[PDB]
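Notes follow once the structure below has been shown.
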Amino acid sequence: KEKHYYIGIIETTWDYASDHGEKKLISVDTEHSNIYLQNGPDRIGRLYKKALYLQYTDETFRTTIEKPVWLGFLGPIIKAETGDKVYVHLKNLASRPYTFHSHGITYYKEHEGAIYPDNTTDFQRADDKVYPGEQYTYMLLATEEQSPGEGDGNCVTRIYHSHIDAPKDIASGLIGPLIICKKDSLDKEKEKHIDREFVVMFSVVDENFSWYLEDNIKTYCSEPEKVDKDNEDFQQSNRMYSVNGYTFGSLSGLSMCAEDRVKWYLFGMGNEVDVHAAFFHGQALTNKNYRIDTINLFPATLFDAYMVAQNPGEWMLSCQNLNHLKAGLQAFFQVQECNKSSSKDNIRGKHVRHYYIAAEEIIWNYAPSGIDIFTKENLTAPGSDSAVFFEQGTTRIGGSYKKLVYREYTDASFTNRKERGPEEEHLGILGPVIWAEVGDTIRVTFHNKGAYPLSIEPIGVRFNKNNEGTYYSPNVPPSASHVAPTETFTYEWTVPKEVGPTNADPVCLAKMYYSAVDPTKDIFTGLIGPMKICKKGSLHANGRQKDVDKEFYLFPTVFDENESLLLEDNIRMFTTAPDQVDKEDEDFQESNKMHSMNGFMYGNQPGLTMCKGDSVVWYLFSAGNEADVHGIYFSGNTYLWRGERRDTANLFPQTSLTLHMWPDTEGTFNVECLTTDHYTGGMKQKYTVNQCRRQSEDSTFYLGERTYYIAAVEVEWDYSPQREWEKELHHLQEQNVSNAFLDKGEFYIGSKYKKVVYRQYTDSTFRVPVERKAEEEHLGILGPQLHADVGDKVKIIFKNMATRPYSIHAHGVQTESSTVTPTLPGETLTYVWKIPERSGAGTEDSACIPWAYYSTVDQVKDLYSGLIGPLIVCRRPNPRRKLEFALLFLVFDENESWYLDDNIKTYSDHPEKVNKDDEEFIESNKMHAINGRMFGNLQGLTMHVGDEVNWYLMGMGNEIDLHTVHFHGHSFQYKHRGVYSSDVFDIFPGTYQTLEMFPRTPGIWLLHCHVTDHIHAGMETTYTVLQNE
Ligand SMILES: *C1O[C@H](CO)[C@@H](O)[C@H](O)[C@H]1NC(C)=O
Ligand SMILES: *[C@@H]1O[C@H](CO)[C@@H](O)[C@H](O)[C@H]1NC(C)=O
Ligand SMILES: [Ca+2]
Ligand SMILES: [Cu+2]
Ligand SMILES: [Cu+2]
Ligand SMILES: [Cu+2]
Ligand SMILES: [Cu+2]
Ligand SMILES: [Cu+2]
Ligand SMILES: [Cu+2]
Ligand SMILES: [Cu+2]
Ligand code: NA
Ligand code: NA
Ligand code: NA
Ligand SMILES: [O]
C-alpha cells in the first residue's frame, strides 16, 4: 500500500476547557478551575493561539477531513503496516517555520524533518525547515525493523511532531499520532477484531513554551505591560494539565458499548513535571498480556493497552499524580448498555472474604529509635540532613505526626482488634493486607473513627457505581463515596477472572487501597493500605502463597505532611510557637516532607527478616506526585520480574509491582531508594537474611576467573570540550542563547570540573593505564566496560589514587558479605564479585545485561563526583558484526561533588561572589549529560549497516533524572529474542537495560532524552551509521 496523507499546519484558537458544563471532579473544588481557565488583566485564560496539524483531502489544501472530537488538538491519526510506503504531503499555512518528524518509521535524511548538525547538505535539509507557504512530501517506509514485535500487539503507539525546536514546536501544538501495525492487521484503517480505537496524550501542555506566548499575551491580557513572563503564578496559569488538550474534565466523545473490544493508544509528552499515572476507573486492562490498571507515562513514553469494556456507567480517566489530579487532569468516558451481548463472570456473591477495618488517629513516629540505624548518628544532630526533618522547636514539628490510619478488627462490633504478628511488623503505617482470589467477593465494613470524612477505594478489583470509593460526575446517610466521622459503610467488591492475574502474570499481583474522598490529602494523612489479588487456588486458607516462605509489602513515598488533613492539628500540637508558622515557607514545607518506606525512615523499619534460601515475594507500590520517582534497590540480591533479572525497582504514583527473590547470602543488606534526594532524606531500610541451614563446604563451580585493575583517579573533566555543535544547532534554530551551564559569565565555573573517575590499568603496579580504543571512546566519564560470564569469579584489584576514601561495588553481583570496605587514599584492596546464575539474564532477558558499578562510601556524593561504570554479564558457552555501547543518562549535579569547593576556587574568576545556596549558581552546576558529555560532545558511537548493536542504557540520579531515551532514524527491540520494540525507552535511577538495534539507514542521527528541560540543557548527541565496503 502506498498511502498518501495531506497535512497542513494552520494557526488557530484552541479552547482548553470547552465547557460546556457542568461538572464535579476528583479533588478540584469548583472555584479552582479558574487559576488556569479565567481571563483576567494578568491571565490569558482558556483560549490560546496554537499551531495545529489538520488533515486535508487534497494536494490543494482547501477542504479539511474532520477529525474525531476526542483527539482534541492532536494532529490527524496516520497509520501504516509493515511494508507500506507513506507519503505525508505537508503544507505550512502558518506564520513561522515547522517540520513533520515521525517516530518509529524508516526515512532517509531527506525525510527526517528534524534540524541538527548532521553534516547534511541542501538536498537532505529541505525537510528540516519548511517555511510559510512551502510544501514538502515526506516518504516514510514501514520497514520490518520498525514493526511491532512478536510480543507486541498488532499495532503500537508512535507519534509525529515538528522538530526545529521540538519542545517549543510541540508546546505550540504540533504533535500527533502514528499507529504502526503488523502486515494484515487492518481493514479500512481499523484493527480487525477491535471495536474502538482511542488515542490519548497525557501532558501538562506548557503554553509558556509556545511560539505564540507573546501574541497570546497581547490578545487576551488587558494589561500586557503588567505581565511578567517569569512570575511563577503567571507561568502556572499557562500550564494546561490535559488529555489531548482538554483540561478539567472537558475531553469530549469517549464513548463505548459494554463488551466492546477497546484498544487504547497512550503517550506522555512534556517535561520533568510530566510524571503521569493514567488510570481508567472501574475498568481492567492488559498490556503485553499482563493485567495492569495504572499506566505511567513520561515525556514521549509510548504505550498501548487493551480493554474489554465492562461494568457500565460514567467513569473517569485520571492522572493519579496527585498534583495533576488536583490541577484537574481528568476525562470522562462512557460505557453504555447496547445491550451487550456476552457477560462471562457470573460469581457475584458465592465465596466471601469479609474484612472489618476502621480509620483511627494515632501519633506516628517516623523514626522511633531516634537514631539513623545506618550511620548510628542520631537524627537531630545539628547540621545533619536528617535534622531538617526531625528537628523539633519553634516552627518545626519534628518526627512524630498525628495521622489517620486503617486498622483491622475481628468483627462488626469494632470492640477488639486483630493484633499484628511478626509477619505484619514491617507494614507500619500501612493498613491491613486485603487479599482475595479470582472468584471471591470482598465485603469491607469500614468504620470511621476520625474527625474527617473518609472512604476506601481499591485498585485491582471490580466494583459497581454505588460501591465506588470516590465521587465525580459530569452533572446522612453513609455511602461508598462519603463515610462521615462516626458512620459505617460496607463495601462490596468482586474479583472476576477479567480483573485478576492473567496467564502471563505471576500467581499474585501487588495492589493497594486508599481513601478517595480527597485522595490528594487522604493518602498523605495515612489512609493507604496493601492488597494482594491472586489466581484461583493459589493461596492457603491463611492468605499466604503456596511455596512462599515470606511475603513483604513495601510502600515508599514522600509522605507530604503539608497535605495532611491533620496539618493544623500537628502545628498546634508540636511547635513551640504555632502562631509564628508560615505554611507557605519552603523550609517549613521541606521539614514536613517525610521520605519514608511504610512510614519508616533512616533504617528504622523493622520486621524484614528471612532465611537464606527462602522464597520471598516483594509486593511494592507507591503514590504521590512528580517527586515520587523511586528506584528501590535491594543491595546484595537480585530478583525476577516478568522473567527479567534486576535489583532496583522503579515506582511512580500508583505503580504496583510484584518481585520474586531467593536470598542467597547471609547478612544484613539494604532496601533503599537510590533517588539521591530520597536516600539522603531517609528512604532507606535494612533486611536481614539469616543462615538457617548447615553451611556446607561449597563454591565448587567457577567456570571462569577474571582480574581487573581499576583505580579511582582525580581528573579535570570537561562536559563540553568543544562548543561547535551547540553553536551550529542554535544557529540552525535561530536561537540565542545564554547557556546557563557552560557560560562562565561574571563568576561561574563553566564546563570544566575536577572529578574522580574509574580507570583501567594493565597490572598491579598501576603505572600504566589501559589505552582506550576507538570502540570505547564513547564511554566518556564512565569507567571501563567490565565483562563477566555467568559462572565467573571476578577479582577487582582497586587502587584509590584519589584524596579521600572510595570503593568499587556492582549491582546484580554476589559477594561474601553485606559490608563493602572503603579503600583509603594510596591503598589497594581486592574485591571479589561472584557471578552466579542470578547475576545474569532471566528467562526473558537478552544474553547480556548491564549493571552499574559504583562507590558505596557515600553513594550520593561519590556518584556525582564521577565514580560510575558498566559491568556487562553474559550467558552461554558466519553471522553479523556485533557492537556494544553503554550510555549513562545522568544530570551530574556538580553541587554535590566532593570537589565543589576546589572547583569554585579553581575556575571562578571571583570565588568570593559565589553563594553556594543561590538558585542560579545551583542550576549552573547541573550538567545534563550522556556519559558526562553534552551538546554532541559524546563521540565514537559509530556502526555499519548490517551490524547488531547492543545499547546498554543506564540511569542514575535524583527525582528529576527521568530520562526518556530516543533514537532518531532507527528503533530498537528488547527482551529475549527482540519481542518488544520501540524507539523511546524510559530510564530512571536504577534502570539498566539492553536494547538491540539493527541499523539500516546511513546517516548521522540524533540521540537524545525527550524531556524538554533536558534537551535544552544539552542531554543529546549523535550516532553514525555508515554504509558498507
Ligand atoms: C542523640 O543526641 C541528641 C543531640 O542533641 C540528643 O539530644 C538526643 O537525646 C539523642 N537522641 C536519641 C533519642 O538517642
Ligand atoms: C562533520 O564534518 C567534519 C568536517 O569535515 C568532520 O571532521 C566530522 O567528522 C563530521 N562530523 C561527524 C558527526 O561525523
Ligand atoms: Ca533532513
Ligand atoms: Cu519525538
Ligand atoms: Cu499526570
Ligand atoms: Cu524514592
Ligand atoms: Cu532526561
Ligand atoms: Cu525522533
Ligand atoms: Cu528528536
Ligand atoms: Cu534540568
Ligand atoms: Na491559562
Ligand atoms: Na518533620
Ligand atoms: Na557549569
Ligand atoms: O525519530
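Identifiers in this document derive from the order of the C-alpha cells: chains are assigned A, B, ..., residues are numbered from 1 separately in each chain, and ligands are numbered from 1 in order of occurrence.
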DSSP-assigned helix (DSSP H, G or I) among segment 567-652 of chain A, expressed as a PyMOL selection string:
chain A and resi 567-574+578-580+586-591
Kindly work out which residues sit at most 10 Å from ligand 9, using only C-alpha atoms and all ligand atoms, and give the list as a ChimeraX atom specification.
/A:101-103,112-116,161-167,965-969,1005-1010,1015,1020
Which polymer residues have any atom within 12 Å of an atom of residue 775 of chain A, counting only C-alpha atoms, with same-chain residues fewer than 4 positions away left out, as a short mmCIF file (atom, residue, chain, number, x, y, z; two decimals) with N, CA, C and O atoms, in the first residue's frame?
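The resulting file, out.cif, is shown below:
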```
data_model
loop_
_atom_site.label_atom_id
_atom_site.label_comp_id
_atom_site.auth_asym_id
_atom_site.auth_seq_id
_atom_site.Cartn_x
_atom_site.Cartn_y
_atom_site.Cartn_z
N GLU A 771 44.88 1.60 27.43
CA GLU A 771 44.59 2.57 26.39
C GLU A 771 43.16 2.38 25.93
O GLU A 771 42.77 1.27 25.56
N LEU A 779 32.57 5.76 25.92
CA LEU A 779 32.38 5.58 27.36
C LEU A 779 32.38 6.91 28.12
O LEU A 779 31.61 7.07 29.06
N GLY A 780 33.22 7.86 27.71
CA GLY A 780 33.22 9.18 28.33
C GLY A 780 33.57 9.05 29.78
O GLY A 780 34.56 8.43 30.13
N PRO A 784 35.72 1.73 32.76
CA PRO A 784 35.78 0.73 31.72
C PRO A 784 34.57 -0.18 31.72
O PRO A 784 33.94 -0.37 32.77
N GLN A 785 34.23 -0.72 30.55
CA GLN A 785 33.14 -1.67 30.41
C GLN A 785 33.67 -3.05 30.80
O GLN A 785 34.31 -3.74 30.01
N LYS A 882 28.98 -7.53 15.69
CA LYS A 882 28.24 -7.26 16.93
C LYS A 882 28.94 -6.19 17.76
O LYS A 882 30.10 -6.36 18.16
N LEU A 883 28.24 -5.10 18.02
CA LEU A 883 28.83 -3.95 18.68
C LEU A 883 28.20 -3.76 20.06
O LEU A 883 27.10 -4.28 20.33
N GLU A 884 28.90 -3.04 20.94
CA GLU A 884 28.38 -2.68 22.27
C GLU A 884 28.56 -1.21 22.59
O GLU A 884 29.66 -0.68 22.44
N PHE A 885 27.51 -0.55 23.06
CA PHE A 885 27.63 0.80 23.60
C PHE A 885 26.93 0.89 24.93
O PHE A 885 25.87 0.30 25.11
N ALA A 886 27.54 1.62 25.87
CA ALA A 886 26.97 1.80 27.20
C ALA A 886 26.67 3.28 27.37
O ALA A 886 27.52 4.12 27.05
N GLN A 939 31.38 11.34 21.58
CA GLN A 939 31.89 10.86 20.31
C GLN A 939 32.03 9.35 20.32
O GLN A 939 32.02 8.72 21.38
N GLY A 940 32.22 8.79 19.13
CA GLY A 940 32.62 7.39 18.99
C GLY A 940 31.49 6.39 18.94
O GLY A 940 31.71 5.19 19.14
N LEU A 941 30.27 6.86 18.68
CA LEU A 941 29.15 5.96 18.51
C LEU A 941 29.01 5.72 17.02
O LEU A 941 28.16 6.31 16.37
N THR A 942 29.86 4.84 16.49
CA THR A 942 29.93 4.55 15.05
C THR A 942 29.63 3.08 14.75
O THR A 942 30.08 2.19 15.46
N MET A 943 28.90 2.84 13.67
CA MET A 943 28.48 1.50 13.32
C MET A 943 28.17 1.45 11.82
O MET A 943 28.04 2.49 11.17
N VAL A 949 23.79 -4.04 17.21
CA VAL A 949 24.28 -3.19 18.26
C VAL A 949 23.51 -3.42 19.56
O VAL A 949 22.28 -3.26 19.59
#
```
Could you tell me, counting only C-alpha atoms and all ligand atoms, which protein and nucleic acid residues lie no more than 8 Å from ligand 3, written as number ranges by chain?
A: 108-115, 120, 124-128
Minimum-distance residue to residue 646 of chain A, chosen among A:316, A:412, A:813, A:629 (using only C-alpha atoms)
A:813
9 Å contact set for residue 891 of chain A, only C-alpha atoms, chain neighbours under 6 positions out, as a tab-separated table (two decimals) with C-alpha atoms, in the first residue's frame:
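After the write, part21.tsv holds the following:
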```
chain	number	residue	atom	x	y	z
A	864	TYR	CA	28.07	12.92	41.44
A	926	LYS	CA	23.59	20.78	36.83
A	927	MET	CA	25.21	19.12	33.86
A	928	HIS	CA	22.65	17.29	31.78
A	929	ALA	CA	24.98	14.80	30.10
A	930	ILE	CA	25.10	11.45	28.35
A	932	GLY	CA	29.49	13.06	31.07
A	956	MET	CA	21.03	7.04	37.99
A	957	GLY	CA	20.49	10.27	39.87
A	958	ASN	CA	17.75	12.31	41.52
A	960	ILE	CA	14.39	14.87	38.09
A	961	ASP	CA	16.51	12.13	36.45
A	1014	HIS	CA	16.93	18.09	29.44
A	1019	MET	CA	21.40	15.96	27.08
```
Show me, as a PyMOL selection string, the residues that have an atom within 9 Å of segment 601-613 of chain A when counting only C-alpha atoms, minus same-chain residues fewer than 2 positions from it.
chain A and resi 366-375+379+386+422-428+549-550+552+594-599+615-616+662-666+670+672+679-693
At most 7 Å from ligand 2 (only C-alpha atoms and all ligand atoms): residue list as number ranges by chain:
A: 118-119, 1004, 1022, 1024
Keeping only N, CA and C atoms, write those residues as a compact mmCIF listing (two decimals), in the first residue's frame.
```txt
# COMPACT_ATOMS: atom_id res chain seq x y z
N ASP A 118 24.15 17.38 11.32
CA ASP A 118 24.33 16.02 10.84
C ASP A 118 25.25 15.95 9.61
N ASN A 119 25.96 17.04 9.33
CA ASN A 119 26.81 17.17 8.14
C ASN A 119 26.03 16.88 6.85
N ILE A 1004 23.98 10.48 10.13
CA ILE A 1004 24.33 10.92 11.45
C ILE A 1004 23.02 11.28 12.12
N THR A 1022 24.94 12.63 18.74
CA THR A 1022 24.60 11.94 17.51
C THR A 1022 25.29 10.59 17.47
N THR A 1024 26.44 7.54 14.34
CA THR A 1024 26.74 7.47 12.92
C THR A 1024 26.55 6.07 12.40
```
Could you pull out the strand (DSSP E or B) residues of segment 168-332 of chain A from DSSP and send them as a PyMOL selection string?
chain A and resi 175-181+186+191+196-206+239-243+246-247+255-257+261-268+276-280+285-287+290-292+294-297+299+302-308+313-319+330-332
With a distance cut-off of 9 Å and only C-alpha atoms, select the neighbouring residues of residue 821 of chain A, excluding the residue or stretch itself and same-chain residues fewer than 2 positions from it, and output the selection as a list in words.
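Answer for this query is residues 806, 807, 819, 823, 829, 831, 856 and 857 of chain A.
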Export, as a CSV table (one decimal), in the first residue's frame, the selected residues with C-alpha atoms.
```
chain,number,residue,atom,x,y,z
A,806,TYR,CA,36.1,5.4,47.9
A,807,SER,CA,35.2,1.9,47.0
A,819,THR,CA,29.5,-4.7,54.0
A,823,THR,CA,39.7,1.8,50.4
A,829,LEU,CA,42.1,-3.5,48.1
A,831,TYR,CA,37.0,-7.0,45.9
A,856,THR,CA,29.5,2.8,48.4
A,857,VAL,CA,31.3,5.1,50.9
```
Can you list, as a count of residues only, every protein, DNA or RNA residue that comes within 9 Å of residue 345 of chain A when you count only C-alpha atoms, leaving out same-chain residues fewer than 3 positions away?
5
Neighbours of ligand 5 at 6 Å or closer, counting only C-alpha atoms and all ligand atoms: which residues, as JSON, numbers by chain?
{"A": [274, 275, 276, 277, 319, 321, 324]}
Saved selection, atoms kept: N, CA and C atoms, as a PDB file, in the first residue's frame:
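Output file out20.pdb is given in full below:
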```pdb
ATOM      1  N   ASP A 274       6.069  16.025  33.954  1.00  0.00           N
ATOM      2  CA  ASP A 274       5.185  15.078  33.287  1.00  0.00           C
ATOM      3  C   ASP A 274       5.449  13.638  33.754  1.00  0.00           C
ATOM      4  N   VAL A 275       5.309  13.454  35.069  1.00  0.00           N
ATOM      5  CA  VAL A 275       5.218  12.151  35.691  1.00  0.00           C
ATOM      6  C   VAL A 275       3.732  11.780  35.755  1.00  0.00           C
ATOM      7  N   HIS A 276       3.237  11.078  34.746  1.00  0.00           N
ATOM      8  CA  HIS A 276       1.820  10.768  34.682  1.00  0.00           C
ATOM      9  C   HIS A 276       1.443   9.360  35.169  1.00  0.00           C
ATOM     10  N   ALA A 277       0.204   9.229  35.641  1.00  0.00           N
ATOM     11  CA  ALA A 277      -0.298   7.956  36.145  1.00  0.00           C
ATOM     12  C   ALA A 277      -1.707   7.659  35.619  1.00  0.00           C
ATOM     13  N   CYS A 319      -5.237  11.114  35.862  1.00  0.00           N
ATOM     14  CA  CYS A 319      -3.830  11.001  36.174  1.00  0.00           C
ATOM     15  C   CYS A 319      -3.775  10.985  37.685  1.00  0.00           C
ATOM     16  N   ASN A 321      -1.156  11.123  39.557  1.00  0.00           N
ATOM     17  CA  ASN A 321      -0.201  12.076  40.094  1.00  0.00           C
ATOM     18  C   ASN A 321      -1.015  13.111  40.832  1.00  0.00           C
ATOM     19  N   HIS A 324      -1.340  16.512  39.499  1.00  0.00           N
ATOM     20  CA  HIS A 324      -2.059  16.560  38.233  1.00  0.00           C
ATOM     21  C   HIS A 324      -3.572  16.382  38.454  1.00  0.00           C
TER      22      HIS A 324
END
```
Counting only C-alpha atoms and all ligand atoms, give me one row per residue of chain A with an atom at most 7 Å from an atom of ligand 6, showing the shortest contact pair and its distance in Å to one decimal, sorted by chain then residue number, as a Markdown table.
```
| residue | atom | partner | partner_atom_place_in_ligand_line | distance |
| --- | --- | --- | --- | --- |
| A:556 | CA | ligand 6 | 1 (Cu) | 6.5 |
| A:557 | CA | ligand 6 | 1 (Cu) | 6.6 |
| A:628 | CA | ligand 6 | 1 (Cu) | 6.0 |
| A:629 | CA | ligand 6 | 1 (Cu) | 5.6 |
| A:630 | CA | ligand 6 | 1 (Cu) | 3.5 |
| A:631 | CA | ligand 6 | 1 (Cu) | 5.9 |
| A:632 | CA | ligand 6 | 1 (Cu) | 6.9 |
| A:673 | CA | ligand 6 | 1 (Cu) | 4.6 |
| A:674 | CA | ligand 6 | 1 (Cu) | 6.6 |
| A:675 | CA | ligand 6 | 1 (Cu) | 5.1 |
| A:678 | CA | ligand 6 | 1 (Cu) | 4.9 |
| A:683 | CA | ligand 6 | 1 (Cu) | 6.4 |
```
Selected residues written out with N, CA and C atoms, as a short mmCIF file (atom, residue, chain, number, x, y, z; two decimals), in the first residue's frame:
```cif
data_model
loop_
_atom_site.label_atom_id
_atom_site.label_comp_id
_atom_site.auth_asym_id
_atom_site.auth_seq_id
_atom_site.Cartn_x
_atom_site.Cartn_y
_atom_site.Cartn_z
N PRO A 556 6.98 2.87 49.40
CA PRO A 556 7.85 4.05 49.51
C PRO A 556 7.16 5.31 48.99
N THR A 557 7.25 6.39 49.74
CA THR A 557 6.66 7.65 49.32
C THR A 557 7.25 8.79 50.11
N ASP A 628 7.77 11.55 43.29
CA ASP A 628 7.81 10.13 43.59
C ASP A 628 8.29 9.39 42.35
N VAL A 629 9.60 9.55 42.12
CA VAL A 629 10.36 8.77 41.16
C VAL A 629 11.30 7.90 41.98
N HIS A 630 10.98 6.61 42.11
CA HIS A 630 11.68 5.75 43.04
C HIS A 630 12.42 4.69 42.30
N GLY A 631 13.55 4.29 42.86
CA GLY A 631 14.32 3.15 42.39
C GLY A 631 14.71 2.36 43.63
N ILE A 632 13.97 1.29 43.91
CA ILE A 632 14.09 0.59 45.17
C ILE A 632 15.10 -0.54 45.01
N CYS A 673 15.93 3.46 48.48
CA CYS A 673 15.67 4.21 47.26
C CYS A 673 16.98 4.88 46.85
N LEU A 674 17.41 4.62 45.61
CA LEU A 674 18.62 5.21 45.05
C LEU A 674 18.43 6.66 44.64
N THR A 675 17.18 7.12 44.52
CA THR A 675 16.93 8.50 44.12
C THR A 675 17.58 9.40 45.18
N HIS A 678 15.93 11.20 47.95
CA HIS A 678 15.17 10.30 48.81
C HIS A 678 16.12 9.57 49.77
N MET A 683 14.92 7.61 52.92
CA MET A 683 14.19 6.49 52.30
C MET A 683 15.13 5.29 52.15
#
```
